[PDB]
Each structure stands twice: as C-alpha cells, then as structure tokens.
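Right, one structure below, let's go through it.
There are 6 protein chains.
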Amino acid sequence: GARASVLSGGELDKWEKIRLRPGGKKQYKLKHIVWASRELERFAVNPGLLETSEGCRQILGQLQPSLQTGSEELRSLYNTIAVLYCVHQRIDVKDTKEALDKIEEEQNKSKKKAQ
Amino acid sequence: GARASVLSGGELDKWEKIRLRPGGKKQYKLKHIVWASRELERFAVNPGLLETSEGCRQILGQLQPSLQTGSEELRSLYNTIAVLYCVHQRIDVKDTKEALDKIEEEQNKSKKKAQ
Amino acid sequence: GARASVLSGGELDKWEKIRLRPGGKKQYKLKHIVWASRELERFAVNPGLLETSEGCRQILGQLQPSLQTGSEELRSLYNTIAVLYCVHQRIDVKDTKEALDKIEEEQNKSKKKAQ
Amino acid sequence: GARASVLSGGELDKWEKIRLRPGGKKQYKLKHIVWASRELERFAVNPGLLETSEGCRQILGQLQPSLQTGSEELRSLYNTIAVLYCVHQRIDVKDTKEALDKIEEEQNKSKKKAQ
Amino acid sequence: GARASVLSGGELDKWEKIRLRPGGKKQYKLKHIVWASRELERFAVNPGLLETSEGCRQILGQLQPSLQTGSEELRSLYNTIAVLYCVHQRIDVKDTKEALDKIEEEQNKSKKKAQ
Amino acid sequence: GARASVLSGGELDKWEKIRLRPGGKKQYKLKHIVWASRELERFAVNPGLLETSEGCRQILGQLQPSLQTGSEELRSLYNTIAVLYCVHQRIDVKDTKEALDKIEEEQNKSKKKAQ
Ligand SMILES: *C(=O)CCCCCCCCCCCCC
Ligand SMILES: *C(=O)CCCCCCCCCCCCC
Ligand SMILES: *C(=O)CCCCCCCCCCCCC
Ligand SMILES: *C(=O)CCCCCCCCCCCCC
Ligand SMILES: *C(=O)CCCCCCCCCCCCC
Ligand SMILES: *C(=O)CCCCCCCCCCCCC
Numbered sequence: 002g003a004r005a006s007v008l009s010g011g012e013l014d015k016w017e018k019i020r021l022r023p024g025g026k027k028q029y030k031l032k033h034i035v036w037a038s039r040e041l042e043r044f045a046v047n048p049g050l051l052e053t054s055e056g057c058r059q060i061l062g063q064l065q066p067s068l069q070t071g072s073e074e075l076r077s078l079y080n081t082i083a084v085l086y087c088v089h090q091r092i093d094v095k096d097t098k099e100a101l102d103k104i105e106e107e108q109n110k111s112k113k114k115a116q
Numbered sequence: 002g003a004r005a006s007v008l009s010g011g012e013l014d015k016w017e018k019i020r021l022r023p024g025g026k027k028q029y030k031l032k033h034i035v036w037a038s039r040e041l042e043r044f045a046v047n048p049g050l051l052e053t054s055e056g057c058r059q060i061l062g063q064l065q066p067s068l069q070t071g072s073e074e075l076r077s078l079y080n081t082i083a084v085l086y087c088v089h090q091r092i093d094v095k096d097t098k099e100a101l102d103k104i105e106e107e108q109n110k111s112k113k114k115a116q
Numbered sequence: 002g003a004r005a006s007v008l009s010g011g012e013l014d015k016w017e018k019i020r021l022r023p024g025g026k027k028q029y030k031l032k033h034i035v036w037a038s039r040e041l042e043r044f045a046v047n048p049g050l051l052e053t054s055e056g057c058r059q060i061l062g063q064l065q066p067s068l069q070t071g072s073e074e075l076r077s078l079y080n081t082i083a084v085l086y087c088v089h090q091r092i093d094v095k096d097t098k099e100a101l102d103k104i105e106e107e108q109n110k111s112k113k114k115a116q
Numbered sequence: 002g003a004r005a006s007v008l009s010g011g012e013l014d015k016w017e018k019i020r021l022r023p024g025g026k027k028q029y030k031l032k033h034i035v036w037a038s039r040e041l042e043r044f045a046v047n048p049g050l051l052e053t054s055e056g057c058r059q060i061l062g063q064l065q066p067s068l069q070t071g072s073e074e075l076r077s078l079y080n081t082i083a084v085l086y087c088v089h090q091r092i093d094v095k096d097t098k099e100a101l102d103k104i105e106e107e108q109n110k111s112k113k114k115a116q
Numbered sequence: 002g003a004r005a006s007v008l009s010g011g012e013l014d015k016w017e018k019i020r021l022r023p024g025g026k027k028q029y030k031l032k033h034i035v036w037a038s039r040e041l042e043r044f045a046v047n048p049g050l051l052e053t054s055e056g057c058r059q060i061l062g063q064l065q066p067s068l069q070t071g072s073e074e075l076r077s078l079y080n081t082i083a084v085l086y087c088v089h090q091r092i093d094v095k096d097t098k099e100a101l102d103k104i105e106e107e108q109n110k111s112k113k114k115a116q
Numbered sequence: 002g003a004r005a006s007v008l009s010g011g012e013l014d015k016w017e018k019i020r021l022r023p024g025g026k027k028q029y030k031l032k033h034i035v036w037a038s039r040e041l042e043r044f045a046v047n048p049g050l051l052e053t054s055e056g057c058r059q060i061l062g063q064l065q066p067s068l069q070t071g072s073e074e075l076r077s078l079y080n081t082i083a084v085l086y087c088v089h090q091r092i093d094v095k096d097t098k099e100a101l102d103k104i105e106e107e108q109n110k111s112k113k114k115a116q
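Sequences listed follow chains B, Q, c, f, E and O, in order. First residue of the first sequence: 2, per the entry's author numbering; consecutive thereafter. First residue of the second sequence: 2, per the entry's author numbering; consecutive thereafter. First residue of the third sequence: 2, per the entry's author numbering; consecutive thereafter. First residue of the fourth sequence: 2, per the entry's author numbering; consecutive thereafter. First residue of the fifth sequence: 2, per the entry's author numbering; consecutive thereafter. First residue of the sixth sequence: 2, per the entry's author numbering; consecutive thereafter.
What follows is the structure in structure tokens.
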C-alpha cells in the first residue's frame, strides 16, 4: 500500500531530506522507493534487495555496467538505488549526484587492490 | 501501535523464527521488539537505536558491564537487543543463547587487538 | 505487606536495636528494610539482593562510587544496605555510622592485596 | 504458625525444589524446616541456629559423630540440616544425598590442614 | 512555582540573554532552568546542585561520559547545565554552543597535568 | 519586598543557621541580608554585589581598611558581608566571628606572595 519497510524511522527522515538532484526543488519521497521496487520485480529482482544494504550493492552492480547500454528506465533506478544504498551504508549525501560520486570513488579504491 | 520499523520484511521473517531460548516453545514476536523500546526510552535511550545496527551496539555496551550489577529488567533487554542486533549485522542465530555466544566471541577477538 | 523475609528472627532482634545514627533516638524498623526494597526495584535491582549477603555486596558496590555523584535517594540506601549487610556478614554495629567505618576499613585491606 | 524465617524468599524457592532423596518424588517443604526446629529445641538447641549458617554448622558437628550412635530421630535431622545448611553457604544441591557428599568432602580438605 | 533561586539578579540578566543555540531565535528562560531541575531529581540528583557552581561540575561530570551512551533527555541537560555553569564560574558565552567549547578546552588543559 | 535573591535555597538553609555572634542567641535572617543591601546602595554600591562572590570581595576590600576609621554603620556591614561571602566561597562558619578569622588568615597567606 504505502507504509514503511525499506527505510526505517531514522532513514526515512534523511530520505525525505535528500533531493533527487543537486539543483532542484523536489525532495525524495516514498513514491521513489516504491517506484523502483516495482521496476525491480520486473527484472526478476525482488524489491526486498533494497531493504538490505547487501541487496542494493547487487543491484548497482548490474546497473553499473548497464549505465550506457541501459535505457532511461535503468537510469532512474541507479538514482534511487544510490541515495537509498548510501543510507543503509553510512553516506548521508544531500542529493542524488553526491551519492554517485561517493559510490564512484569507493570503487576507485578497490581498483588499486583488485587490478 | 503495532507496525514494522525496527525490522524490515526480511528481518521480520527470521525474527519470528528465532526463539527466546534454545530449549523453549515461544518464538520471537513484535511484542518483544516493542517491550524493549519502551524500557529503552525509560533509560533516556531512544528506541530508534534498535532500528540501527549502530544504535544497538551502543546499548549492548552499557548493558554488557551492567549484566551482573543490573536487574532483571536489564537481563531481558540484553536478550532482545542481542537477537535483534545479530539480525542487523549478519548473525542468524536460532535462539537468544546462540546470539550471546556469537557476540561474546566477537569481543574476545578484539581483546587480542586491544589489550 | 509487612512480614519477615530479608532478616530472620535473630537478625530482626539486632536490627530493631541498631540505630539509623550514632547520636539519635530513632532505632531501625521494618519501615527502613522495605523503604529500600522499593527504591531498589526502581533501579532494576530486585529487593531480594538484600535478603542475601551476596546481593547486598553487589548493591554497595554500585552505590559506593555513586556516593558523591549520587543523590539523597542513594545516600539513604547506602545507610540501610550497610546496617543490613553487616547483619548478614557478622558485624553487629550499634548504629549506621559504625557500619560505614567497618565496611570502609574492610575495603582498605583489599587495597594492599589488589593495587 | 507457618511463616518464613529460616529461609528467605530466594532460599525458599530453591528449598521447595530440593528433594529429600535423589530417587524420590517428594520435594522439600516448610514441614521439614519446622519438623527439625521442634526436635532441636528438645535437645536444648534453639531452632534459630538453623536460620544462621553458623548455627547449622554447630548442629551438624554434634550429629556428625552421632550418626552411628544416634537414632533415627538424629538421622532425619542431619538430612534437613544438610539441605538447609547448603543453602545458607552456597551449595545448591538437588537432593539431600548430594548435600551429604559436599559436606563430606569439605571436611576431608580440612583433614589435610588439621591432622 | 516560578521564582528566582538558581540564578541571582545579575545572572538572570545574562541568562535571559544567552541563547539555546548559536543560530536560533529562542533565548534562555526560567523554563529551561526548571525543566532541568525536574529531570535532575529524577536521577536522584537534587536541583540545588545547579544553584552551586560546585554542584553543576558534579553533574556535567556524569553527563560528560554519558554524552554518547545517554539519550536525548541527557543531551538537553548538558545544554542547560552548561550555560548555567558558565554563569556561576565566569564564562559569559552568548549561546549554548560556545559554552560547550569553553568547558571542552578547560578539560584539555587538565589532560596535560593529569595524564 | 522580602524574597530570595542573594542567597539560594542551599545557602539560605546555612544562612539561617549561622549566628551573628559566637556567644549569642540570635541566628541570621533575611533582615540582615536586606539591611546591608540598603546601606550599600547608600554608598553608591549596588546590593547585587552581595549576590556575587566577586562583588562581596570588592566590598570587604573597602571596608577592610575602613574598619578603624569607619563608623558603626560600617562595622555591621563587614559582619554581614562576611558571613555571606563565606557562603558564596565555601567557608561554612557557624558565627560571624569565625568568618572574620577565616578571611583574616586567607589574607595573611597572600602577604607572603605579595609583599
Ligand atoms: C500495501 O498495502 C502492501 C501490501 C501488498 C499487497 C498485498 C495484497 C493482499 C495479499 C493477499 C492477496 C492474495 C490473494 C490470494
Ligand atoms: C503506533 O501506532 C505508533 C504511533 C505512536 C503513537 C503516536 C500518537 C499520535 C501522535 C500525535 C499526538 C500528539 C498530541 C499533540
Ligand atoms: C505483603 O503482603 C507482600 C505481598 C506482595 C503483594 C502481592 C500481591 C498479590 C499477588 C497476586 C496479584 C497478581 C495479580 C494477577
Ligand atoms: C506461628 O505462628 C509462630 C508463633 C509461635 C507461637 C507463639 C505463641 C503466642 C506468643 C504469646 C503467648 C505466651 C503466653 C504468655
Ligand atoms: C514554587 O512555588 C516553589 C515551591 C515548591 C512547591 C512546595 C509545595 C508546598 C510545600 C508544603 C506541602 C507539603 C505537604 C505536607
Ligand atoms: C520586593 O518586593 C522587591 C521589589 C523592589 C521594589 C520595586 C518597586 C516596583 C517597581 C516599579 C515602580 C517604578 C515606578 C515607575
């Protein structure tokens, strides 16, 4: 229906604060958390993966390489899955952009220890 | 009232499975998650700490040393906070006892790197 | 209600004899044994600890360091728990003051064998 | 009449648990605590000695050597005084037999330091 | 009821001036001095300790280490007890934040002469 | 009118206890705290100085040297300002005389480090 699950009380507060973009006027809302869950199940991917910091990582991994080959439907996903994942880990970005940079750098560190 | 928050969908499934004791017949229920939250706020500790793997650790830290000096009210807490914490981390114990051993050993490892 | 439990027949006799203070005119009474039990349960500490020489020691241990930081509510406790403990051990002080000195010295002896 | 005195709240719980024998179906009850007190006063020995871990030791000392020369009336005493004494000291035997072994061994240790 | 006691005439003037926060619009009022006194007595700590520069120090000492383990109820306390203490000592901060820094540095100085 | 200000709740208790003289039967009362405040303002000195341990010192400093050249009106002042000051500092004298000795000795110590 429209209840909490993916994000807890504390996460919800920050979530509503985070904005979809750095230079916008539309904060994040449950509409985005559910909008992704629906598109997820469509790709044979349960929405529960978003409720777990581990499940999200698995999703971003498939969408990562499918960022250029993927379509708009995939783009939006990476946006939500990003801001959400950051919440489950620790990163408390203000927008969806900052979340992309953080996750982008974290991957660059592993490159040195996984080349 | 009586909804989800501390434990997500996936965590809820396992939670209901976990038993309060190894040799008992009373599985875990929301009644225990809320019963603790109430006692928490009483000690100037918000119940939200339980909804976060980080908050729980902070609680178990105070109850740890207060296991002998503390009263029954504290004992029950360590029981719930344990099974719950294990869920947020990764440990999927079957009872409350196993959760105590796991958390007990994890602390023994740090002793070698923090003596 | 108002029966015996913490102190036996023999202990009761001495208890009623012991005075709350060295220079006073108000001997000890069950009112003080129960008055403490109530404040104990409030701190998550069962009143039964007073019925056992072992339980008392555990209480005085927490109130010991909380003698300066603690409030008046704690002071009164240390007073009763003292006269009572002395009864369960062996010390048969006449007032609450003497009980403080006895327990104070006993701790000084361990300091030499636990520094 | 039929109230508490010799055994406190905590001791009462364990007392009712302890059985008169290892292979029996008759747990301990106040009937046994009073039954002994009556026989005690008969031997010029106050029943209060049972309410004190010190008094009990004095009793078991006289009945110890009078275990063979004594009659059945003495046997029953050593049985109750045993389970009771163990409670006041620390030993939490399950039956009256275990209590005899514990007290029997404790005496063997002194033999090495008192021969 | 609602009279003066903790803060004198001169202290009252400055108190009303001091703000709860550096970037806010809600100055300090008796409501905060009493709000703390109530929470104090709850922790077995008399409210009079706030009326004395010595009593405050004793309070901040317990709340100091309980800043992370403590709950929101404790946070607010450290806020009021801070601005108040500064008044009794000499520090005339403008907000509650400045008071935290002053007391924080003062403790750093002792570290060099108490390590 | 006739309320508290210079002395807090705790100070008031001790104040009422302190006596104007060592061998008298007239304890201290608000009448003396106000009686001085009135004479203070007369000398271009605000009564608030008495509500502050710092203000008092400034007063005793002027009356100190004016103890012989001053009149009876000044004598009474030094008496009240003394017992009061001792309260704000720490000294808990029983009479006004003891307060004079304490403050007299404290000044003798500085003489060695300020000759
Ligand atoms: C929002 O309310 C979340 C619930 C998701 C819809 C559940 C639909 C009801 C479940 C039982 C229907 C299955 C029919 C056999
Ligand atoms: C269970 O339903 C969880 C909700 C917790 C109780 C909230 C009570 C309602 C909130 C507003 C009342 C405050 C009055 C100004
Ligand atoms: C004094 O008489 C000591 C007894 C303590 C009060 C016990 C109250 C009665 C116990 C049963 C009531 C519980 C209701 C289900
Ligand atoms: C059980 O109720 C324990 C009480 C023991 C019996 C006491 C009998 C009453 C005491 C006063 C009677 C003495 C006659 C002068
Ligand atoms: C505000 O007016 C501060 C006063 C605090 C309340 C005091 C209540 C009255 C004191 C006597 C009542 C005790 C009943 C025996
Ligand atoms: C005792 O009640 C202390 C109060 C001191 C007297 C104050 C007098 C009232 C203040 C306003 C009057 C000024 C006239 C413009």
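We put the CB at the ideal spot given by N, CA and C, even for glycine.
Worksheet item: So the alpha helix (DSSP H) Q/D96 belongs to, where does it begin and stop?
Response: First-last for Q/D96: undefined, no H or E at that position.
Fill in: DSSP beta-bridge partners of B/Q65
Answer by DSSP bridge pairing: none, since B/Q65 is not bridged.
Item to complete: Determine, using beta carbons only, whether c/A37 and Q/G71 come nearer to each other than 9 Å.
Response: No, the pair does not count as a contact, with Cβ atoms beyond the cut-off.
Worksheet item: Which same chain residues, not among the five before or five after f/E55, have their C-beta less than 6 Å away from its C-beta?
Response: Spatial neighbours of f/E55 in its own chain (CB-CB distance under 6 Å, excluding positions within 5 residues in sequence) are not present.
Item to complete: Return yes when the C-beta of Q/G2 is under 8 Å from any heavy atom of ligand 2, and no when it is not.
Response: yes
Worksheet item: So is Q/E52 buried or exposed if we call it buried at 16+ other beta carbons inside 10 Å?
Response: By the neighbour-count rule (16 or more Cβ atoms within 10 Å), Q/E52 is buried.
Practice prompt. Could you pull the start and end residues of the alpha helix (DSSP H) that Q/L8 belongs to?
Written response: It is not in any alpha helix (DSSP H) - Q/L8 carries neither H nor E in the DSSP assignment.
Item to complete: Return the CA-CA distance between f/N80 and f/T97, expressed in angstroms with no decimal places.
Response: Their backbone Cα atoms lie some 6 Å apart in a straight line.
Practice prompt. For O/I82, collect the residues of the same chain with a Cβ closer than 6 Å to its Cβ; drop the 5 residues on either side in sequence, then sort them by chain order.
Written response: Contacts found: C57, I60, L61.
Worksheet item: Based on Cα-Cα distance, which residue from O/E17, O/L8, O/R43 lies nearest to E/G49?
Response: Shortest Cα-Cα distance from E/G49 to any of O/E17, O/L8, O/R43 involves O/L8.
Fill in: Beta-bridge partners of f/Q28, as assigned by DSSP
f/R20
Worksheet item: Does the separation of the CB atoms of B/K95 and B/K18 fall below 9 Å?
Response: yes
Worksheet item: Thinking C-beta only, is B/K15 closer than 9 Å to B/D93?
Response: A distance below 9 Å separates the beta carbons of B/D93 and B/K15.
Worksheet item: Which residues in the same chain have their Cβ closer than 7 Å to the Cβ of Q/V88, if we skip the five residues on either side of it in sequence?
Response: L8, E12, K15, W16
Worksheet item: So, helix, strand or coil for c/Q90, using DSSP?
Response: In the structure shown, c/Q90 adopts helical secondary structure according to DSSP, grouped into three states.
Item to complete: For c/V46, return the contacting residues in chain Q, with the cut-off set at a CB-CB distance below 7 Å.
Response: By Cβ distance, chain Q contributes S72.
Worksheet item: Which of the three DSSP states, helix, strand or coil, is assigned to c/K103?
Response: helix
Worksheet item: How many angstroms separate the CA atom of Q/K27 from the CA atom of Q/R20?
Response: 6 Å
Worksheet item: Would you say E/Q108 faces chain c, with C-beta separation under 9 Å as the test?
Response: no
Worksheet item: If B/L85 sits next to B/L64, beta carbons under 8 Å apart, how far is it from one beta carbon to the other, in whole angstroms?
Response: Wrong, their Cβ atoms sit about 13 Å apart, outside the cutoff.
Practice prompt. Determine the burial state of f/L41: buried for a count of at least 16 other Cβ atoms within 10 Å of its Cβ, exposed for fewer.
Written response: buried
Discussion item. For O/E17, would you say it is in contact with chain E, using Cβ-to-Cβ distances shorter than 9 Å as the test?
Written reply: no
Item to complete: Check whether the Cβ atoms of B/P23 and B/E99 sit closer than 9 Å, and answer yes or no.
Response: Yes, the Cβ-Cβ distance between B/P23 and B/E99 is below 9 Å.
Item to complete: May I ask you to list, following chain order, the residues of the region 64-89 of chain Q that have a beta carbon less than 8 Å from some beta carbon of chain c?
Response: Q69, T70, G71, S72, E73, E74, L75
Worksheet item: Around the Cβ of f/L68, are there at least 16 other Cβ atoms within 10 angstroms (buried) or fewer (exposed)?
Response: exposed
Practice prompt. Output, in chain order, the set of chain Q residues within a Cβ distance shorter than 7 Å of B/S38.
Written response: Those do not exist, as B/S38 stays about 11 Å from chain Q at its closest Cβ, beyond 7 Å.
Worksheet item: Would E/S111 be called buried (16 or more neighbouring beta carbons within 10 Å of its own) or exposed?
Response: exposed
Item to complete: Indicate the three-state DSSP secondary structure (helix, strand or coil) for c/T70 in the structure shown.
Response: The answer is helix: DSSP assigns c/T70 an H, G or I state.
Worksheet item: Can you give the Cα-Cα distance for Q/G10 and B/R39, rounded to whole angstroms?
Response: 16 Å
Item to complete: Could you tell me whether any Cβ in chain Q is nearer than 9 Å to the Cβ of B/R22?
Response: no
Worksheet item: Would Q/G10 count as contacting chain B if we go by Cβ distances under 9 Å?
Response: yes
Fill in: 9 Å Cβ cutoff, c/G2 in contact with chain Q
no
Worksheet item: Since E/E52 meets chain O, which of its residues come closer than 9 Å, beta carbon to beta carbon?
Response: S9, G10, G11, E12
Worksheet item: Taking the C-alpha atoms as reference points, what is the distance between f/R91 and c/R91?
Response: 17 Å
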